[PDB]
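Comments concern the structure below.
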Amino acid sequence: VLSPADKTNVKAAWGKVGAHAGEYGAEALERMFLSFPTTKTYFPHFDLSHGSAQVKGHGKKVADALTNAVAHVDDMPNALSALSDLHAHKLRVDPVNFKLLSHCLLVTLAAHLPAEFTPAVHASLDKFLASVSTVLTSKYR
Amino acid sequence: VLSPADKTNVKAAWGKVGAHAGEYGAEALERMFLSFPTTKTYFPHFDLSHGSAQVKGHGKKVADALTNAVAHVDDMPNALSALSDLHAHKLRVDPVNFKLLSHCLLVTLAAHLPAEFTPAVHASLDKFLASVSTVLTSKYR
Amino acid sequence: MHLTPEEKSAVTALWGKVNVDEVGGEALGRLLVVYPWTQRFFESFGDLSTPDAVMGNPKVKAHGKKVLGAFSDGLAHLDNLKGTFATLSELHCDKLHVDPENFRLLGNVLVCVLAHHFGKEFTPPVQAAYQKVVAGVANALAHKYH
Amino acid sequence: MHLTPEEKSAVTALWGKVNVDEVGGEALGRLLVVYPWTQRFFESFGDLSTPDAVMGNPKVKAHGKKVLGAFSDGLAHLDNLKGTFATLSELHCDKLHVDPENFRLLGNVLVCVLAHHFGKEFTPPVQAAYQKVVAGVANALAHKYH
Ligand code: HEM
Ligand code: HEM
Ligand code: HEM
Ligand code: HEM
């Protein structure tokens, strides 16, 4: 459960991401593909080379979804309904992978927000990404 | 989310377990300790020898908790409140370990319910154990 | 893969009682029912709408038979799983794009199936030996991923 | 463990700039904050009630230094992580009763700390080389568990 302090931490940190959200989503994917190669099995149709516009485009979609989640932190299931449907019924990404992207998102944030990435903030972000992951996988079975 | 059919499946299988719940709980623990030796790290104070009273008593308490959950499948959070507090604040068992015990409980049930362990029931029990695990891990942070 | 002689024997002994085709179909069908996301690779198999539809699908059964036959052959090479599964590992990565997590899921479903099939003969020690094997096979199949 | 020339140099180069004392304390403190259940091993350490308490605890800083120092030693023996950590593996199992999953969590937190500390220098390829190492180390430490 996200405490009021967790929600404050998340909105503050994500606020600072601001317009760079898309760039950071792409970087997080890139980190994921290099660090955990098995994740590439879900994108056989993409050019995964560094700088790929496909990755960049996907990065922006992911980031935009995260922004929506932050905006609707008290109402995540409804805000992410279409995306939970999509992952559960079409993409069918094994649930394990969500933890890998989450870690990569955290690393990306750490590398870009030296001042904001406090231990307290780190904890709230981790909880937040786990909540998003839970929602996205909610309708798998 | 446990569907109505899932609840029916669970109540049917557990009903069959009946009076053997405690013995089954003990067997699941022994299966876990043997298959996943790292789980033994949480029981250094127990005599883990086969048929030990400590394991049989613990097996019993685990089974009773499970019975409670089946009885209150519509209100698990409330039914297991005390247990979720104990695990989060005192025991502090890493969440990974819940998946290992759940697997061993599934194996135990499969080995004892030839007639009832159908693909649909298997699916429902798996989901049920996942839900119990989620509730017990809910207050960790 | 290091198994004590005791463990190797527990494995070989039970396996001799297995109907490979039957267990193969059962295990693959149960994987598809219990973890439906795994159906993602099988849309060409037809009807997977219900448990009954899955369990009865001839394509599922035929694939199960193929998968378990390879598994079965691997049991003769417990000493060299990695070498034995190298080409298959490459194929699963490069051509089939199968997340290795699926191998772990199958391994766990296989253990449940053996337990259901053998009842009391599937003792805690026998399970432990099969757990090592199933993990060994999954690791061998994931080895060439990149 | 298996590292490509570029991966080894990536690791070695970054490590030359790490102040083990400082990073160690940060890594352990963050582990205790982010995954509080891990505090179960440090009941005698004092106040771990809030992030500020954890981070400023001298016993946490002390322990953190001890751990990363041992970690640093392994960086010197990348070819034989298992042989290197055998003794500590046994200790962590037999005397400390630490679930090896904790090694994995610490590995992830360390990566986070390095990224936090180095910023843009901690590039995707550098991270990837560190992920391999951290996993290698965790595996080496869990090796003697029984
Ligand atoms: C924070 C977690 C995640 C979020 C918020 C997220 C969000 C999204 C969004 C917004 C889309 C685009 C939907 C559309 O096209 O309308 C998408 C698609 C997709 N996602 Fe997820 N995703 C997450 C995790 C993952 C993970 C972990 C994987 C696999 C490693 C994955 C694999 C995919 C794939 C393969 C697509 C389709 C891409 C394409 O063909 O362009 N997602 N996701
Ligand atoms: C379905 C999942 C689980 C259930 C329902 C469950 C339930 C229980 C119950 C009912 C108790 C006894 C509480 C009391 O004495 O009042 C207990 C204690 C305990 N459990 Fe959990 N448990 C589960 C999973 C786990 C796992 C996976 C582990 C570790 C691998 C674990 C480790 C412990 C320990 C160490 C104790 C303390 C027992 C003692 O010292 O006697 N539990 N659990
Ligand atoms: C013990 C685990 C497994 C073994 C030993 C195994 C083995 C095999 C073999 C021998 C083949 C045929 C290769 C050929 O065409 O020469 C195959 C193909 C295939 N496997 Fe695996 N497999 C395993 C697990 C899985 C899992 C869990 C999945 C997905 C859930 C999967 C998906 C596929 C697919 C989609 C094909 C292609 C089938 C076709 O073209 O008809 N396999 N596998
Ligand atoms: C990076 C992996 C790790 C390494 C290399 C490592 C290394 C060490 C070393 C060198 C010692 C001191 C040995 C002695 O007393 O002679 C130690 C002790 C200890 N470690 Fe680990 N450690 C690691 C991870 C962990 C983790 C993740 C935990 C639990 C969260 C942990 C828990 C402990 C505890 C409780 C002690 C005993 C300290 C005391 O006596 O109060 N270690 N470790």
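The chains in the structure tokens are called A, B, ... from first to last as shown; in each chain the residues are counted from 1, and the ligands are counted from 1 in the order shown.
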Exercise. Ligand 1: which residues are within 7 Å, counting only C-alpha atoms and all ligand atoms, as a PyMOL selection string?
Worked result: chain A and resi 39-40+42-43+58+61-66+83+87+91+93+97-98+100-102+129+132-133
With N, CA and C atoms retained, export the selected residues as an mmCIF file, in the first residue's frame.
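result.cif written:
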```
data_model
loop_
_atom_site.group_PDB
_atom_site.id
_atom_site.type_symbol
_atom_site.label_atom_id
_atom_site.label_comp_id
_atom_site.auth_asym_id
_atom_site.auth_seq_id
_atom_site.Cartn_x
_atom_site.Cartn_y
_atom_site.Cartn_z
ATOM 1 N N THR A 39 14.747 -10.798 -21.864
ATOM 2 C CA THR A 39 13.634 -9.849 -22.129
ATOM 3 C C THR A 39 13.522 -9.533 -23.608
ATOM 4 N N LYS A 40 14.591 -9.751 -24.352
ATOM 5 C CA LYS A 40 14.561 -9.464 -25.805
ATOM 6 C C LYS A 40 13.640 -10.408 -26.554
ATOM 7 N N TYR A 42 10.681 -10.848 -26.222
ATOM 8 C CA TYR A 42 9.346 -10.273 -26.477
ATOM 9 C C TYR A 42 9.348 -9.234 -27.595
ATOM 10 N N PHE A 43 10.513 -8.926 -28.117
ATOM 11 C CA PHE A 43 10.627 -7.885 -29.162
ATOM 12 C C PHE A 43 11.431 -8.386 -30.344
ATOM 13 N N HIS A 58 8.865 3.194 -28.133
ATOM 14 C CA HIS A 58 8.272 2.341 -27.087
ATOM 15 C C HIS A 58 8.540 2.958 -25.714
ATOM 16 N N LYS A 61 5.997 5.536 -24.853
ATOM 17 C CA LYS A 61 4.693 4.945 -24.485
ATOM 18 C C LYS A 61 4.698 4.454 -23.033
ATOM 19 N N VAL A 62 5.786 3.747 -22.698
ATOM 20 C CA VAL A 62 5.931 3.238 -21.331
ATOM 21 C C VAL A 62 5.895 4.392 -20.313
ATOM 22 N N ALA A 63 6.691 5.395 -20.620
ATOM 23 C CA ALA A 63 6.851 6.569 -19.756
ATOM 24 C C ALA A 63 5.521 7.297 -19.600
ATOM 25 N N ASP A 64 4.823 7.443 -20.711
ATOM 26 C CA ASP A 64 3.503 8.121 -20.703
ATOM 27 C C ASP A 64 2.531 7.361 -19.809
ATOM 28 N N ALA A 65 2.594 6.039 -19.846
ATOM 29 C CA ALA A 65 1.702 5.199 -19.020
ATOM 30 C C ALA A 65 1.995 5.400 -17.530
ATOM 31 N N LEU A 66 3.265 5.559 -17.211
ATOM 32 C CA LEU A 66 3.773 5.771 -15.840
ATOM 33 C C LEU A 66 3.298 7.139 -15.361
ATOM 34 N N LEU A 83 -4.438 -1.308 -20.496
ATOM 35 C CA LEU A 83 -3.059 -1.850 -20.530
ATOM 36 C C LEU A 83 -2.974 -3.189 -19.832
ATOM 37 N N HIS A 87 -1.751 -6.609 -21.817
ATOM 38 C CA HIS A 87 -0.641 -7.484 -21.380
ATOM 39 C C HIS A 87 -1.137 -8.887 -21.086
ATOM 40 N N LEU A 91 -0.179 -9.521 -25.354
ATOM 41 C CA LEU A 91 1.283 -9.598 -25.207
ATOM 42 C C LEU A 91 1.733 -10.809 -24.407
ATOM 43 N N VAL A 93 3.301 -11.237 -21.511
ATOM 44 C CA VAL A 93 4.669 -11.153 -20.998
ATOM 45 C C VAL A 93 4.724 -11.860 -19.643
ATOM 46 N N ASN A 97 9.213 -10.598 -15.759
ATOM 47 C CA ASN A 97 9.856 -9.507 -16.495
ATOM 48 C C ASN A 97 9.587 -8.108 -15.961
ATOM 49 N N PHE A 98 8.436 -7.946 -15.322
ATOM 50 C CA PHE A 98 8.052 -6.639 -14.756
ATOM 51 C C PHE A 98 9.058 -6.198 -13.696
ATOM 52 N N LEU A 100 12.204 -6.902 -13.674
ATOM 53 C CA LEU A 100 13.433 -6.539 -14.400
ATOM 54 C C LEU A 100 13.301 -5.121 -14.952
ATOM 55 N N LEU A 101 12.183 -4.782 -15.588
ATOM 56 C CA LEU A 101 12.037 -3.397 -16.090
ATOM 57 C C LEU A 101 12.033 -2.408 -14.911
ATOM 58 N N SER A 102 11.328 -2.759 -13.844
ATOM 59 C CA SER A 102 11.213 -1.921 -12.643
ATOM 60 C C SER A 102 12.598 -1.574 -12.121
ATOM 61 N N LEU A 129 6.504 1.105 -8.391
ATOM 62 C CA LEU A 129 6.693 0.224 -9.572
ATOM 63 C C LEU A 129 6.126 -1.166 -9.325
ATOM 64 N N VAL A 132 2.394 -0.813 -9.806
ATOM 65 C CA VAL A 132 2.082 -0.752 -11.254
ATOM 66 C C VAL A 132 2.189 -2.162 -11.858
ATOM 67 N N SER A 133 3.279 -2.856 -11.529
ATOM 68 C CA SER A 133 3.479 -4.229 -11.997
ATOM 69 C C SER A 133 2.323 -5.136 -11.604
#
```
Problem set entry | Selection as a VMD selection string: residues within 10 Å of ligand 4 by only C-alpha atoms and all ligand atoms | chain D and resid 24 27 to 28 31 to 32 35 to 45 59 to 60 62 to 74 85 87 to 89 91 to 92 95 to 107 110 134 to 135 137 to 142
For the selection you just gave me, I'd like the residues written to a file as an mmCIF file, in the first residue's frame, keeping C-alpha atoms.
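The result, written out as again-v6.cif:
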```
data_model
loop_
_atom_site.group_PDB
_atom_site.id
_atom_site.type_symbol
_atom_site.label_atom_id
_atom_site.label_comp_id
_atom_site.auth_asym_id
_atom_site.auth_seq_id
_atom_site.Cartn_x
_atom_site.Cartn_y
_atom_site.Cartn_z
ATOM 1 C CA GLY D 24 29.450 -0.092 1.387
ATOM 2 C CA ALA D 27 24.454 -0.036 -0.111
ATOM 3 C CA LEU D 28 23.761 -1.763 3.202
ATOM 4 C CA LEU D 31 18.983 -2.448 1.583
ATOM 5 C CA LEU D 32 17.644 -2.039 5.136
ATOM 6 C CA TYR D 35 13.590 -4.073 1.945
ATOM 7 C CA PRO D 36 13.023 -3.700 5.692
ATOM 8 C CA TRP D 37 12.482 -7.399 6.311
ATOM 9 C CA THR D 38 16.267 -7.662 5.834
ATOM 10 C CA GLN D 39 16.621 -5.952 9.220
ATOM 11 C CA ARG D 40 15.925 -9.357 10.821
ATOM 12 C CA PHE D 41 19.693 -10.066 10.699
ATOM 13 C CA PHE D 42 20.700 -6.870 12.498
ATOM 14 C CA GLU D 43 18.689 -6.729 15.713
ATOM 15 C CA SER D 44 21.807 -5.814 17.697
ATOM 16 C CA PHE D 45 22.701 -2.843 15.450
ATOM 17 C CA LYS D 59 27.180 -0.191 13.005
ATOM 18 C CA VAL D 60 25.459 -0.215 9.573
ATOM 19 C CA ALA D 62 30.853 -0.513 9.762
ATOM 20 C CA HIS D 63 29.194 -3.680 8.502
ATOM 21 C CA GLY D 64 28.671 -2.158 5.048
ATOM 22 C CA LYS D 65 32.448 -1.563 4.835
ATOM 23 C CA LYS D 66 33.187 -5.161 5.835
ATOM 24 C CA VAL D 67 30.835 -6.544 3.231
ATOM 25 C CA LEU D 68 32.040 -4.397 0.285
ATOM 26 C CA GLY D 69 35.639 -5.050 1.250
ATOM 27 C CA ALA D 70 34.999 -8.812 0.884
ATOM 28 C CA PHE D 71 33.127 -7.979 -2.323
ATOM 29 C CA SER D 72 36.198 -6.052 -3.566
ATOM 30 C CA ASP D 73 38.408 -9.091 -2.949
ATOM 31 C CA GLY D 74 36.159 -11.170 -5.228
ATOM 32 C CA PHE D 85 33.744 -17.262 -1.332
ATOM 33 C CA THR D 87 34.394 -20.121 3.438
ATOM 34 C CA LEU D 88 32.009 -17.168 3.699
ATOM 35 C CA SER D 89 29.363 -19.245 1.883
ATOM 36 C CA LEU D 91 29.558 -19.204 7.339
ATOM 37 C CA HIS D 92 26.478 -17.451 5.975
ATOM 38 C CA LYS D 95 26.292 -19.840 11.460
ATOM 39 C CA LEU D 96 24.350 -16.824 10.207
ATOM 40 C CA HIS D 97 21.335 -18.558 8.612
ATOM 41 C CA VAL D 98 21.045 -15.910 5.879
ATOM 42 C CA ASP D 99 18.590 -16.724 3.043
ATOM 43 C CA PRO D 100 20.695 -16.351 -0.107
ATOM 44 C CA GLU D 101 17.886 -14.274 -1.656
ATOM 45 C CA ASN D 102 19.367 -11.423 0.435
ATOM 46 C CA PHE D 103 22.577 -11.598 -1.687
ATOM 47 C CA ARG D 104 20.466 -10.945 -4.791
ATOM 48 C CA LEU D 105 18.710 -7.964 -3.203
ATOM 49 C CA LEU D 106 22.016 -6.446 -2.056
ATOM 50 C CA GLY D 107 23.406 -6.911 -5.594
ATOM 51 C CA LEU D 110 24.515 -1.919 -5.117
ATOM 52 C CA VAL D 134 26.650 -9.235 -8.768
ATOM 53 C CA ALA D 135 24.708 -12.355 -9.853
ATOM 54 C CA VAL D 137 28.878 -13.137 -6.453
ATOM 55 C CA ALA D 138 25.423 -14.009 -5.105
ATOM 56 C CA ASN D 139 25.718 -17.445 -6.724
ATOM 57 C CA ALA D 140 29.191 -17.943 -5.236
ATOM 58 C CA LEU D 141 27.866 -17.131 -1.735
ATOM 59 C CA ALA D 142 24.856 -19.451 -1.992
#
```
Exercise. In chain C, what's alpha helix (DSSP H) per DSSP? Answer as a PyMOL selection string?
Worked result: chain C and resi 5-15+20-34+51-56+58-74+81-84+86-94+101-118+124-142
What residues in chain A lie within 8 Å of chain D, counting only C-alpha atoms, written as a tab-separated table (two decimals) with N, CA and C atoms, in the first residue's frame?
```
chain	number	residue	atom	x	y	z
A	27	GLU	N	15.89	4.71	-22.16
A	27	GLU	CA	17.15	4.31	-21.51
A	27	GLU	C	16.92	3.09	-20.64
A	30	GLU	N	16.71	0.01	-22.77
A	30	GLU	CA	18.07	-0.31	-23.23
A	30	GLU	C	18.85	-1.03	-22.14
A	31	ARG	N	18.73	-0.51	-20.92
A	31	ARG	CA	19.41	-1.12	-19.75
A	31	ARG	C	18.93	-2.55	-19.57
A	34	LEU	N	20.17	-5.07	-22.32
A	34	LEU	CA	21.58	-5.47	-22.16
A	34	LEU	C	21.80	-6.28	-20.89
A	35	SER	N	21.15	-5.88	-19.81
A	35	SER	CA	21.35	-6.55	-18.52
A	35	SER	C	20.66	-7.91	-18.40
A	36	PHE	N	19.48	-8.02	-18.96
A	36	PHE	CA	18.62	-9.22	-18.88
A	36	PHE	C	18.17	-9.58	-20.30
A	103	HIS	N	13.45	-2.58	-11.98
A	103	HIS	CA	14.82	-2.35	-11.51
A	103	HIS	C	15.54	-1.40	-12.46
A	106	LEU	N	14.44	2.11	-12.05
A	106	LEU	CA	15.05	2.66	-10.80
A	106	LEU	C	16.48	3.10	-11.06
A	107	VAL	N	17.25	2.26	-11.74
A	107	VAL	CA	18.65	2.58	-12.08
A	107	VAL	C	18.74	3.86	-12.91
A	108	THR	N	17.84	4.00	-13.87
A	108	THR	CA	17.77	5.16	-14.76
A	108	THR	C	17.50	6.41	-13.94
A	110	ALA	N	18.06	6.86	-10.75
A	110	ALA	CA	19.25	7.10	-9.89
A	110	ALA	C	20.33	7.85	-10.65
A	111	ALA	N	20.53	7.46	-11.91
A	111	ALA	CA	21.58	8.03	-12.76
A	111	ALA	C	21.28	9.44	-13.20
A	112	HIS	N	20.03	9.84	-13.13
A	112	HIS	CA	19.59	11.16	-13.57
A	112	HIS	C	19.11	12.06	-12.46
A	113	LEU	N	18.78	11.59	-11.30
A	113	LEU	CA	18.30	12.44	-10.20
A	113	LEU	C	19.19	12.27	-8.96
A	114	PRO	N	20.43	12.64	-9.05
A	114	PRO	CA	21.32	12.47	-7.87
A	114	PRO	C	20.69	13.03	-6.61
A	117	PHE	N	17.01	11.22	-5.58
A	117	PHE	CA	17.06	9.77	-5.33
A	117	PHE	C	17.63	9.39	-3.97
A	119	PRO	N	17.30	7.64	-0.09
A	119	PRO	CA	16.89	6.28	0.33
A	119	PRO	C	15.38	6.22	0.50
A	120	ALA	N	14.78	7.25	1.09
A	120	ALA	CA	13.32	7.28	1.28
A	120	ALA	C	12.57	7.30	-0.06
A	122	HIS	N	13.87	6.31	-2.94
A	122	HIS	CA	14.17	5.00	-3.61
A	122	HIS	C	13.12	3.99	-3.16
A	123	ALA	N	12.85	3.95	-1.85
A	123	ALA	CA	11.89	2.98	-1.31
A	123	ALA	C	10.51	3.22	-1.87
A	126	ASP	N	10.26	2.16	-5.54
A	126	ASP	CA	10.24	0.69	-5.68
A	126	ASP	C	8.84	0.18	-5.39
```
Provide as an mmCIF file with N, CA and C atoms, in the first residue's frame the residues of chain A at most 10 Å from chain B, counting only C-alpha atoms.
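And here's selection_11.cif as it stands now:
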```cif
data_model
loop_
_atom_site.group_PDB
_atom_site.id
_atom_site.type_symbol
_atom_site.label_atom_id
_atom_site.label_comp_id
_atom_site.auth_asym_id
_atom_site.auth_seq_id
_atom_site.Cartn_x
_atom_site.Cartn_y
_atom_site.Cartn_z
ATOM 1 N N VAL A 1 0.861 -1.205 0.000
ATOM 2 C CA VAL A 1 0.000 0.000 0.000
ATOM 3 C C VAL A 1 0.888 1.242 0.000
ATOM 4 N N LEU A 2 0.469 2.218 -0.802
ATOM 5 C CA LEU A 2 1.231 3.478 -0.904
ATOM 6 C C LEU A 2 0.702 4.472 0.138
ATOM 7 N N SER A 3 1.583 4.734 1.077
ATOM 8 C CA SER A 3 1.289 5.708 2.149
ATOM 9 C C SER A 3 1.267 7.104 1.530
ATOM 10 N N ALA A 123 12.855 3.952 -1.853
ATOM 11 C CA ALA A 123 11.889 2.983 -1.309
ATOM 12 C C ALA A 123 10.505 3.219 -1.871
ATOM 13 N N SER A 124 10.042 4.464 -1.888
ATOM 14 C CA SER A 124 8.700 4.777 -2.410
ATOM 15 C C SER A 124 8.568 4.419 -3.890
ATOM 16 N N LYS A 127 8.210 0.686 -4.353
ATOM 17 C CA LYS A 127 6.845 0.260 -3.974
ATOM 18 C C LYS A 127 5.882 0.606 -5.101
ATOM 19 N N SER A 138 -2.668 -8.212 -13.216
ATOM 20 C CA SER A 138 -3.889 -8.484 -12.503
ATOM 21 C C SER A 138 -4.847 -9.439 -13.187
ATOM 22 N N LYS A 139 -4.913 -9.342 -14.503
ATOM 23 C CA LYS A 139 -5.887 -10.142 -15.275
ATOM 24 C C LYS A 139 -5.318 -11.293 -16.066
ATOM 25 N N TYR A 140 -4.124 -11.709 -15.683
ATOM 26 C CA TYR A 140 -3.427 -12.790 -16.398
ATOM 27 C C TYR A 140 -4.191 -14.095 -16.330
ATOM 28 N N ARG A 141 -4.821 -14.334 -15.189
ATOM 29 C CA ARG A 141 -5.565 -15.607 -15.062
ATOM 30 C C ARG A 141 -6.652 -15.499 -13.996
#
```
Reference chain B, mobile chain A, all Cα atoms fitted, written as a short mmCIF file (atom, residue, chain, number, x, y, z; two decimals) with C-alpha atoms, in the first residue's frame:
```cif
data_model
loop_
_atom_site.label_atom_id
_atom_site.label_comp_id
_atom_site.auth_asym_id
_atom_site.auth_seq_id
_atom_site.Cartn_x
_atom_site.Cartn_y
_atom_site.Cartn_z
CA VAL A 1 -8.93 -12.52 -8.68
CA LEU A 2 -10.74 -15.69 -7.62
CA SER A 3 -13.70 -16.36 -9.88
CA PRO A 4 -16.81 -18.06 -8.50
CA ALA A 5 -15.60 -21.24 -10.22
CA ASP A 6 -12.19 -20.80 -8.51
CA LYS A 7 -13.87 -20.48 -5.10
CA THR A 8 -16.00 -23.55 -5.78
CA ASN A 9 -12.90 -25.58 -6.82
CA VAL A 10 -10.96 -24.49 -3.73
CA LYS A 11 -13.80 -25.27 -1.30
CA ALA A 12 -14.38 -28.64 -2.97
CA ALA A 13 -10.70 -29.68 -2.86
CA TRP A 14 -10.08 -28.35 0.66
CA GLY A 15 -13.30 -30.02 1.76
CA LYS A 16 -11.82 -33.36 0.66
CA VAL A 17 -8.62 -32.61 2.61
CA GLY A 18 -10.85 -32.44 5.66
CA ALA A 19 -9.25 -33.89 8.74
CA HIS A 20 -5.97 -34.69 6.97
CA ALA A 21 -5.14 -30.98 6.62
CA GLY A 22 -2.57 -31.09 9.46
CA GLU A 23 -0.79 -34.19 8.08
CA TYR A 24 -0.64 -32.57 4.64
CA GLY A 25 0.73 -29.30 6.08
CA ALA A 26 3.57 -31.25 7.71
CA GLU A 27 4.27 -33.19 4.50
CA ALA A 28 4.35 -29.95 2.48
CA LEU A 29 6.96 -28.47 4.89
CA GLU A 30 9.05 -31.63 4.67
CA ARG A 31 8.91 -31.47 0.86
CA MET A 32 9.93 -27.81 1.04
CA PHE A 33 12.90 -28.41 3.38
CA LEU A 34 14.32 -31.20 1.19
CA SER A 35 13.60 -29.61 -2.19
CA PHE A 36 14.59 -26.00 -1.34
CA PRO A 37 17.19 -26.16 1.40
CA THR A 38 17.48 -22.39 1.73
CA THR A 39 14.06 -22.41 3.41
CA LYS A 40 15.67 -24.16 6.39
CA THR A 41 17.41 -20.90 7.30
CA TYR A 42 14.15 -19.72 8.91
CA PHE A 43 13.94 -22.69 11.30
CA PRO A 44 17.38 -22.97 12.93
CA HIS A 45 15.57 -23.71 16.20
CA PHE A 46 13.67 -26.76 14.89
CA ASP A 47 14.46 -30.45 14.66
CA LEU A 48 13.82 -30.84 10.86
CA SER A 49 14.33 -34.60 10.84
CA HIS A 50 11.68 -36.72 9.22
CA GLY A 51 8.89 -37.28 11.74
CA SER A 52 9.78 -34.29 13.91
CA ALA A 53 6.88 -33.24 16.12
CA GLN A 54 8.00 -29.62 15.67
CA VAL A 55 7.38 -29.86 11.92
CA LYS A 56 4.18 -31.75 12.60
CA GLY A 57 3.02 -29.03 15.00
CA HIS A 58 3.94 -26.26 12.61
CA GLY A 59 2.30 -28.17 9.74
CA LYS A 60 -0.99 -28.16 11.69
CA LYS A 61 -0.82 -24.37 12.29
CA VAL A 62 -0.16 -23.68 8.62
CA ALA A 63 -3.00 -25.98 7.57
CA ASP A 64 -5.40 -24.44 10.09
CA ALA A 65 -4.61 -20.97 8.69
CA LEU A 66 -5.37 -22.25 5.15
CA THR A 67 -8.68 -23.65 6.38
CA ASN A 68 -9.51 -20.22 7.86
CA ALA A 69 -8.56 -18.60 4.54
CA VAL A 70 -10.85 -20.99 2.64
CA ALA A 71 -13.74 -20.24 5.06
CA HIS A 72 -13.16 -16.50 4.53
CA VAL A 73 -12.20 -16.53 0.87
CA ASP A 74 -14.17 -13.34 0.22
CA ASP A 75 -12.54 -11.64 3.22
CA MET A 76 -8.94 -12.88 3.37
CA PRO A 77 -7.07 -9.70 4.39
CA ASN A 78 -9.10 -9.34 7.56
CA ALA A 79 -9.09 -13.05 8.44
CA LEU A 80 -5.33 -13.24 8.02
CA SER A 81 -4.51 -9.84 9.52
CA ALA A 82 -2.65 -11.09 12.59
CA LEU A 83 -0.65 -13.49 10.42
CA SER A 84 0.30 -10.77 7.91
CA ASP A 85 1.45 -8.64 10.88
CA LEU A 86 3.47 -11.54 12.24
CA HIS A 87 5.26 -12.34 8.99
CA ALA A 88 5.92 -8.70 8.12
CA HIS A 89 7.10 -7.48 11.48
CA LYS A 90 8.57 -10.43 13.34
CA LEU A 91 9.36 -13.47 11.17
CA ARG A 92 10.31 -11.41 8.14
CA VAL A 93 10.47 -14.34 5.73
CA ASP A 94 11.64 -13.22 2.27
CA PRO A 95 8.62 -13.11 -0.06
CA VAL A 96 10.31 -15.53 -2.48
CA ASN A 97 9.78 -18.40 -0.01
CA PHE A 98 5.98 -18.25 -0.21
CA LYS A 99 6.14 -19.52 -3.80
CA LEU A 100 8.26 -22.48 -2.67
CA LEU A 101 5.81 -23.55 0.07
CA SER A 102 2.87 -23.00 -2.35
CA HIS A 103 4.44 -25.36 -4.90
CA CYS A 104 5.07 -27.95 -2.15
CA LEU A 105 1.46 -27.68 -0.93
CA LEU A 106 0.31 -28.27 -4.54
CA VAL A 107 2.55 -31.33 -4.86
CA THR A 108 1.19 -32.71 -1.57
CA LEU A 109 -2.41 -32.22 -2.73
CA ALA A 110 -1.61 -33.93 -6.07
CA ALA A 111 -0.11 -36.92 -4.26
CA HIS A 112 -3.18 -37.33 -2.06
CA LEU A 113 -6.14 -36.32 -4.27
CA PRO A 114 -5.69 -38.22 -7.54
CA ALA A 115 -9.36 -37.79 -8.51
CA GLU A 116 -9.85 -34.20 -7.37
CA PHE A 117 -6.56 -32.76 -8.68
CA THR A 118 -7.91 -31.95 -12.14
CA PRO A 119 -6.16 -29.39 -14.41
CA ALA A 120 -8.99 -26.94 -13.60
CA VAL A 121 -8.64 -27.61 -9.88
CA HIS A 122 -4.84 -27.36 -10.08
CA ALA A 123 -5.23 -23.90 -11.65
CA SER A 124 -7.69 -22.66 -9.00
CA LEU A 125 -5.50 -23.93 -6.13
CA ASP A 126 -2.43 -22.23 -7.59
CA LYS A 127 -4.36 -18.93 -7.84
CA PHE A 128 -5.65 -19.41 -4.29
CA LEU A 129 -2.15 -20.01 -2.80
CA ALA A 130 -0.84 -16.94 -4.68
CA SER A 131 -3.67 -14.86 -3.16
CA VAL A 132 -2.85 -16.17 0.34
CA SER A 133 0.84 -15.43 -0.31
CA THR A 134 -0.02 -11.90 -1.43
CA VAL A 135 -2.05 -11.22 1.67
CA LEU A 136 0.64 -12.61 4.02
CA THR A 137 3.24 -10.31 2.52
CA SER A 138 0.97 -7.28 2.18
CA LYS A 139 2.47 -5.35 5.09
CA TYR A 140 6.15 -6.01 4.53
CA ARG A 141 6.84 -2.42 3.59
#
```
Exercise. Interatomic distance between atom 30 (C, counted along the ligand's line) of ligand 2 and atom CA of residue D:49?
Worked result: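 Taking atom 30 (C, counted along the ligand's line) of ligand 2 as the start and atom CA of residue D:49 as the end point, the length is 25.0 Å.
Atom to atom, atom CA of residue C:47 and atom CA of residue C:21 stand 20.5 Å apart.
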Exercise. Which of these residues is nearest to residue C:13, using only C-alpha atoms: C:48, C:58, C:75, C:93?
Worked result: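 Nearest candidate to residue C:13 out of C:48, C:58, C:75, C:93: C:75.
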